[PDB]
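Protein chains in written order, with the deposited numbering: chain H, 22 to 253, 255, 274 to 528; chain E, 43 to 281, 298 to 560; chain d, 17 to 244, 266 to 479, 492 to 528.
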Amino acid sequence: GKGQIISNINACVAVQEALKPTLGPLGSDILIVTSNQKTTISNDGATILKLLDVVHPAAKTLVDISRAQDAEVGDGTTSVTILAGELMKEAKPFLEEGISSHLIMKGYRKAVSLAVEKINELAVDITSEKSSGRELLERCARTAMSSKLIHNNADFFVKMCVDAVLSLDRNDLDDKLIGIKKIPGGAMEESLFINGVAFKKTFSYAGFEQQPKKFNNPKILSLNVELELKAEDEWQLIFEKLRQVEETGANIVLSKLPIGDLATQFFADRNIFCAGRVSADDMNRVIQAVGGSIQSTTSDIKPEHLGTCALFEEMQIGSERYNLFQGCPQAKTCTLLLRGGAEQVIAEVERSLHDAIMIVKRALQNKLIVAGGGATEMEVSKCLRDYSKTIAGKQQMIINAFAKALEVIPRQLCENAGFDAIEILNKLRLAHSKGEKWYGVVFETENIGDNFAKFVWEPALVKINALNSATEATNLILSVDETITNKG
Amino acid sequence: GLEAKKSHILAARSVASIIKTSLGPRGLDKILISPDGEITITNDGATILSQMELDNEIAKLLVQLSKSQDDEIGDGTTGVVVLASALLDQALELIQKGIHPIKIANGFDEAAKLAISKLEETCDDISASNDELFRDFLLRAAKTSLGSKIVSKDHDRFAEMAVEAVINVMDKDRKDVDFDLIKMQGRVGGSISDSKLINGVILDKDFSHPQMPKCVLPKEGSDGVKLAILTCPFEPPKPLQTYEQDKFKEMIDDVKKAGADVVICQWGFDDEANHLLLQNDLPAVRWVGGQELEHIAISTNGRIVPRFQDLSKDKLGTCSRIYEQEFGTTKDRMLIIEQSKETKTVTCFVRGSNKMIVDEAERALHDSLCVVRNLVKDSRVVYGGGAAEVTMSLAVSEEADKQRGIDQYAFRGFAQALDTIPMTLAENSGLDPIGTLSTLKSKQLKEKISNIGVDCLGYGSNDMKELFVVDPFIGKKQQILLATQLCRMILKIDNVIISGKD
Amino acid sequence: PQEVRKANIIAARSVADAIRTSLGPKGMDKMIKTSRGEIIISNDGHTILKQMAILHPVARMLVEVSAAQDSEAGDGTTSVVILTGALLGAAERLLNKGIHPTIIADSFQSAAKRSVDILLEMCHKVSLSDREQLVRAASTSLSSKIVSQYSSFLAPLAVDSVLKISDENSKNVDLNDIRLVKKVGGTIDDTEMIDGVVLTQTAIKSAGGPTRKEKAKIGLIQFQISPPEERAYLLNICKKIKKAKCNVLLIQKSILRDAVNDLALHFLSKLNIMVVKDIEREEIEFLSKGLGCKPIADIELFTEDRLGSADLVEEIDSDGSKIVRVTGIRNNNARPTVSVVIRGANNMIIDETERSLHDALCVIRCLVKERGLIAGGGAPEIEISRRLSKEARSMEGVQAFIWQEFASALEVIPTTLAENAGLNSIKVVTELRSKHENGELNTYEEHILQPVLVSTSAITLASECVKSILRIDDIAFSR
């Protein structure tokens, strides 16, 4: 009967109370000792629930929805269980008053339809603001990079970091594929972003300035190593190998070793450019840039290995001419070059730019973003209380308890961080209802603040998928009046 | 959330209370019994904590940290556990007052960083004082750990062995001493005065057939001594005496062309294999472990030869000579492989008249080699023995009134927790812990700021600066960081979950 | 022998922690149900410990400490119990370190004497010649009582009453000489000092009683006018009184026989001798002091030299009151006393009004022994701990650690004040120590003040209490 539901509520609370301190990056961790005697410690709730393997069906239901939250999304594994468990506590006193469990399940479903509608409204999507793929992400890195020595030049630096991930496919983002090399000399704000692959000048031999740097219709050719007059494992044999480059009409030759002076003289009259001593990581990125392939010898070169970009030019950046690839929209990876008066100064700025790239990387994958830090969580609970006037009747008190159940997420975040959950909830609602609704809770020092001002954002699909998973799993537990466990 | 905070403090206190009496040179020993029936007695906390097998979730963190302390430092075994329990006892009083546990964790982290900057001003330099005074610290480094044992009579001999061994295996660039590059080997029997320092791997061998010479000839002024490293066994080709003998003549040509004096293999040899190697003056070496082959190529600057066809003269290990030297009255008659050039690895040779003396000397030498690494890595050092903890206490307590807020009480509890070590050393020395603690604080304020510690072993007087008792600063700095790192992980886990035994 | 002391400290700590919740007006009230079925509710620490009937022998000493707390200082009966338990709670860790209680007991007496001089240097120096601070001290202390607007006129009446008996070097003055007579009727606005004396009862309501006499003698007489022909026996009784010209007769109240026969009323009416009967036994010792007379058991012991002097003895006409007053005792040997009449319509008025004046006279008397006042609210408890922080480093030996634990036990009082007010315990205490670098005693603008004797006696009594607790190493049955 109805008594079995009460037993299932305490089963979800017992699992919740263990996962309450685990909410948040600074929250507590659970130490589980398996019967195998191997002891592991994990922050994420998935692995925590996988080691328990609870036989109870209602507690196991929270484990299944937690594994799907960590698989298809990867974030919100702990929050989906706390929200689903706390929702069970609000429905506990309703059964004692005679309210059937059916309208309790259907009452929460009506609140979800009103909650999801407000999520898209609280989200930030700019159209008519006359922006682009950079200025939106450039501002987010500003404040994170603010209060630094480069703050004066910080406006120019945010352009090269955002355009790094925009030059390649927005569906697959990898920070390791973007190389960064330091260029000694020059002003820091005069650095330019390169769409292709760039590297330094490794030629130590005389005879430079013998080749043109501007090609109208260049061709990309990949040959591992020939490029030698004398084998480093005959003059006519090398001339026949260099003739294959002339037969295919390729003005670009790249290798991982140095190039002898014989190739530079033969490539002068044919306007063919060649660069030796190229790093192994650079050769793989050039192949992915033009979408070609490398051939071992010069005889087996196939015609489809050739490729062309918009324009090639050799810039004077750093009082030295460096190779770079510009105007390649098909390049799967870019390369960044920084300028500065010293190599140690660039290294300190280079490491600071990696943090700004990782922030805008997760924002590009998911274009639906809502304001975090209790902002969205407080607005959803407030709107359900105002719209409940037409929900009046037994369905009103059900949704009113759902709005209070949404306050458990910011609670544990403040309790695990040391803040007082009693005072922070009273001062937040006053600043949220009066004036602007964007005022959140600061995670560092307890005070009222705007998360939209601090540019700390959270993806909305984490909360949307967790809200439907917490409600769907709740309707399954509230609908079970009897549980029979067979032995075997 | 209710009984967890109270149980975690009492569980870690009872386990840490075991080694509180063993801290210091006067710390009392204990009787440990292995599951095989062997009785061992030692004062080292690493041996006592490692042998503990328990299901308590809180006490398992002491074993996980103690494994990393032996490699990094090795002296932070007993000291850190007692210091970590002091932070937990002071945190228990704060939990009852309503202090948040993470604030206690973050309060000890900020208090530890402030105490490091205070000792940076009062520390002194070694090499700036003199060059030979640095070596005097290395000679007396092992004397402190060996002063409580019978080894303290011959201690002057073991002091010079650790000085020349670290210089070869450690370069002043990285200033790192790898434990894998130091081979610790010892046997029962003999005495402790016959211990010698070897610049390379020992690799004891009986030289197979007795007709083989016990020494390696230079072979007409040849360069060094070439040795062959084989990772494959020596057998005739298979998917009769003259058939296998003719096949052995083809494989031995790779040794003659490369010019290897001694042949080393991982597997045993046949009887006819030693017959051809005897007339060619090629001593055979069989039954060599896999890990022993790594020490051969590092000391002799050799390479690993996977197969017989890959054997070359450039991959042969080069040494000075290989001879068999009798050690004491032992009938094993081990051998010595020397170098005469600086290698990247050494092997420690320690002997003793008792099985316990050998094990106690190897572990004491391990901690002695780590102190030399910290003295070279950091020239600035401080005077320990109770003087460092009192200095850190007065520094944090003075800055506690200057920092307002909740952290004001976090600094007071952190300063009182630092007083546990000098009081424990005072208790372990048989003196009043409170009466002695007030004496050390009075001499460092009204008179002048200096380092005066508690004497565990009977000495002439106080002020160890006169007796030249030095401790590494980075060694003591690593201890206070692991103590705060361990104290947080205990507070960061409020949950206890364990299953049954089927 | 430690098992006897540790059992008494834990038993006494549970009593101190139970009373700790009653500190302050917002504190938690404790309920005690007597075996007879009576249930009392109040926050008074002296009432709870008295009606608790503690069987623990050492814990009964807290009643004697709370009794001397109200008798000397007059305030802090709950705070002295908290401070006593704070030292007992801190002494638990002292015994675990191997410290003998003698050093623990001897260090508390030395720390209590040094804590007095620290408070005197930080205290504001005031004098009794300035009536500005004397009126504001008693007026703000009555804000916790039913009297509000009428409390303004009650303050100067209590100030001028103490200044007459305070003198200069008299120091402690007995509070039993101040008698507050409560009576139904009248109001609070009507007050009369009547420095001569005031009785507790009315006069003869029968026919023939003059009820008023001018220039009469007053004396204590334990005799009684009763029959054993009867008028002849009562005539010699009234004739011997006429020999000494005693026109005011005071008979001790006794339920054995009556006071004055109706036949003797007509005899004393012609002689104009006023009679006041039903004199309580408590007033027998009171009238023998201010009036300078002596109790007279028999008729032969009655003499003229033991009789006082009274200017005018009259019965004031009032609604449901009829209070008799005497002025001009004219006695050089006996010092004057203050007896104030309390009037009001409701019985609950004159009751709490008498108790409210008790706390007002004690605080004023605190300035008589030691002048100066210290602002309450945890200021003196924290200020002492601030001075003992740097002083603890100057000590040596076992006592050096005691100074640190002594200042830690003093923080319990300001911590409880923050808990009973609903505010965060630690957070409020940290805000007080943070501003301590600038402000010192600053509560002054809130008109909340406390005398120095309360904070001084609370430390002195708690230091000797805990000292005597650790002196009992055994509990034996001796009958």
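Idealized CB from N, CA, C, for every residue including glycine.
- Here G326 of chain E is not near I354 of chain E, since their CB atoms are 8 Å or more apart.
- Assigned with DSSP and collapsed to three states, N59 of chain d falls in coil, not helix or strand.
- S557 of chain E and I449 of chain H have their C-alpha atoms some 29 Å from each other.
- In the DSSP annotation of this structure, the continuous segment of the beta strand (DSSP E) that includes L196 of chain d starts and ends at 195 to 200.
- Here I51 of chain H has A39, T43, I69 as same chain residues with Cβ atoms under 7 Å from its own Cβ, once five neighbours each way along the sequence are excluded.
- For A347 of chain d, the enclosing beta strand (DSSP E) has its first and last residue at 347 to 353.
- Taking a Cβ-Cβ threshold of 7 Å, the residues of chain H close to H142 of chain E are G458, in chain order.
- For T119 of chain E, the closest of E:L433, E:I551, E:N553, E:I538 by C-alpha to C-alpha distance is E:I538.
- Taking 9 Å as the Cβ-Cβ cut-off, the region 485 to 496 of chain E approaches chain d at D490, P491, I492, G493, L495, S496, given in chain order.
- At a Cβ-Cβ threshold of 8 Å, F179 of chain E and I168 of chain E count as neighbours.
- Contacts with chain E at 8 Å (Cβ-Cβ) include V54 of chain H.
- Inter-residue distance for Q436 of chain d and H116 of chain d is about 11 Å (C-alpha atoms, whole angstroms).
- Taking the CA atoms as reference points, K268 of chain E sits about 50 Å from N363 of chain H.
- In the structure shown, the three-state DSSP call for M392 of chain E is coil.
- Within 7 Å of the CB of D50 of chain H, the CB atoms of chain E belong to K550, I551, in sequence order along the chain.
- Annotation for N553 of chain E: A46 place their beta carbon closer than 8 Å to its own, counting only its chain and skipping 5 residues before and after.
- Neighbours of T60 of chain H across chain E, judged by C-beta separation under 7 Å: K102.
- Annotation for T405 of chain E: no alpha helix (DSSP H) segment contains it, though the beta strand (DSSP E) segment containing it runs 404 to 410.
- When DSSP reads this structure, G480 of chain H sits in a beta bridge with H:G489.
- Residue contact with chain d for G463 of chain E: present (Cβ-Cβ distance below 8 Å to some residue of chain d).
- The C-alpha of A83 of chain d lies about 12 Å from the C-alpha of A507 of chain d.
- By DSSP's assignment, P205 of chain H forms a beta bridge with H:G380.
- Around the beta carbon of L104 of chain H, a 10 Å sphere encloses 16 or more other beta carbons of the protein chains shown; the residue is thus reported as buried.
- By the rule that beta-carbons nearer than 8 Å mark a contact, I310 of chain E does not touch chain H.
- Neighbours of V554 of chain E across chain H, judged by C-beta separation under 8 Å: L52.
- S87 of chain H and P364 of chain E have their C-alpha atoms spaced approximately 50 Å apart.
- Short of 8 Å from the beta carbon of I532 of chain E, and not among the five residues preceding or following it, lie these beta carbons of its own chain, in chain order: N432, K435, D436.
- DSSP places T82 of chain E in no alpha helix (DSSP H) but in the uninterrupted beta strand (DSSP E) bounded by 81 to 84.
- Judged by DSSP in its simplified three-state form, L293 of chain d adopts coil rather than helix or strand.
- In terms of Cβ geometry, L156 of chain E and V429 of chain E do not form a close pair [threshold 8 Å].
- In the structure shown, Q138 of chain E adopts helical secondary structure according to DSSP, grouped into three states.
- Taking a cut-off of 8 Å for Cβ pairs, the region 329 to 338 of chain H and the region 242 to 253 of chain H touch, as three or more such pairs fall below it.
- Judged by DSSP secondary structure, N466 of chain H falls within the alpha helix (DSSP H) whose first and last residues are 461 to 473.
- Scanning the region 44 to 76 of chain H for uninterrupted alpha helix (DSSP H) segments of 4 residues or longer gives 66 to 73, listed from N- to C-terminal end.
- Flagged as an interface residue toward chain E: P42 of chain H, by a C-beta distance shorter than 8 Å.
- For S500 of chain E, a Cβ of chain d is located within less than 8 Å of the residue's own Cβ.
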